[PDB]
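Let's start with one chain on its own, the form deposited in one PDB entry, as structure tokens.
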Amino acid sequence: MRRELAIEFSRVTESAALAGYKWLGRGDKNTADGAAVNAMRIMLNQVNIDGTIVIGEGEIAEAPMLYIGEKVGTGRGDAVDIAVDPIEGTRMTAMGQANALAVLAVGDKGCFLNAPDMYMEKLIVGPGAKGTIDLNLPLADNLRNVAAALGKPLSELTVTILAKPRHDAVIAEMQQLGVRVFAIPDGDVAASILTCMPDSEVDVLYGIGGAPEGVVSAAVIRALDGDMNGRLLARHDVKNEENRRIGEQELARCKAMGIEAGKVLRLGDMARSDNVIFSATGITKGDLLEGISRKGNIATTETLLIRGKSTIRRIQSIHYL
């Protein structure tokens, strides 16, 4: 009967998206974030769950709303773990660019790894390659294994990866291997889902991005029956002496949660059960979702709503504002 709440959760991401859309192209990341955060929190607080924010805007010191540990919901209903990404793509929202979206995942209590806000190496595939990856193996071996499971030559395999300096070496490695590399500007949550979308050319996502984002990916990949491995990585191993300062405290808060960095996390170590509801609403058009449009008094949103237990839904809503 959390099934009954799936629509409630899609309204939460619709609200957050519409709020962030008000600030599209206005050159203010903070105000855009604030609007979507506010809208998401207000709407979650009207839903009949006893939610705890496990993945959110930050710790309470830095994030007054949707902070880690915040209680959300009316408090009626189940105790549930909540992951929020009120805007995935705040820079693009401020600059009027593609691929901004509002994201929420809801799982059983204790379903989501409580990731410190640090880097995570990720390797993500769709259902057709489930059971074929292992971050303890070399990348090249992983890519071969995946292409074989997918029944295509290696030269056809498409890997998407964040276009960042940390990835220069691996991108050239993959290109020398003959793989197609879609080296993307933005974030990796929406991109991770493309591995499970039959109409996307993307077969694999590989590379180092945010750890809390990686757990959101794990929850939706598990729901979609794909596969993922992660590996937590401290800053100095990714980006030194200042990266050592912050990297050392990342390992501190790891130890203070009973999680070890550098060890391969399997899908089930990040998203522990199949009872996940995932909702994402487009702000601007991207690979995964249509953007909001507004003609006068009428706005349209598209929402992808996925439930781990079950049908994948794309909900096109016309809003009379």
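Residue indices: 1-based, along the sequence shown. In this text, rigid core is short for the largest set of C-alphas that superpose within 1.5 Å between two forms.
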| query | finding |
| --- | --- |
| Residue 81: gap in at least one third of other compared structures | no |
| Coordinates lacking for residue 199, a third or more of other entries | no |
| Count class of deposited residues lacking coordinates, residue 166 to residue 167 | none |
| Residues of the deposited sequence that sit between residue 311 and residue 310 yet are not modelled | 1 to 3 |
| Entry-level comparison of average CA B-factors, 44 to 52 and 62 to 70, reporting the higher stretch | 62 to 70 |
| Of 228 to 236 and 206 to 214, the stretch whose C-alpha atoms average the higher B-factor in the entry | 228 to 236 |
| 243, 93, 158, 192, ranked by C-alpha B-factor: the highest one | 243 |
| Top residue by Cα temperature factor, when 35, 277, 288, 257 are compared in the entry | 257 |
| Chain-wide C-alpha B factor ranking for residue 117, given as lowest, middle or highest third | highest |
| Chain third (lowest, middle, highest) by recorded CA B-factor, residue given as residue 86 | lowest |
| Where the record places residue 281 (Cα B-factor, split into thirds across the chain) | lowest |
| Entry-reported Cα temperature factor of residue 6, expressed as the chain third it lands in | middle |
| Residue 297, C-alpha B-factor rank within chain (lowest, middle or highest third) | highest |
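This next part talks about the form deposited in another entry, which is not shown.
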| property | result |
| --- | --- |
| Flagged residue of 224, 184, 80, 208 - C-alpha shift reaching 2 Å or more between this form and the one not shown, core superposed | 184 |
| Displaced residue check between this form and the one not shown: residue 118, CA, 2 Å or over, core reference | yes |
| Is_shifted residue 131 between this form and the one not shown (CA, 2 Å cut-off, rigid core) | no |
| Did residue 145 shift 2 Å or more between this form and the one not shown, C-alpha, core superposed | no |
| In the other form, whether the C-alpha atoms of residue 199 and residue 291 sit closer or farther than here (change of 3 Å or more) | farther |
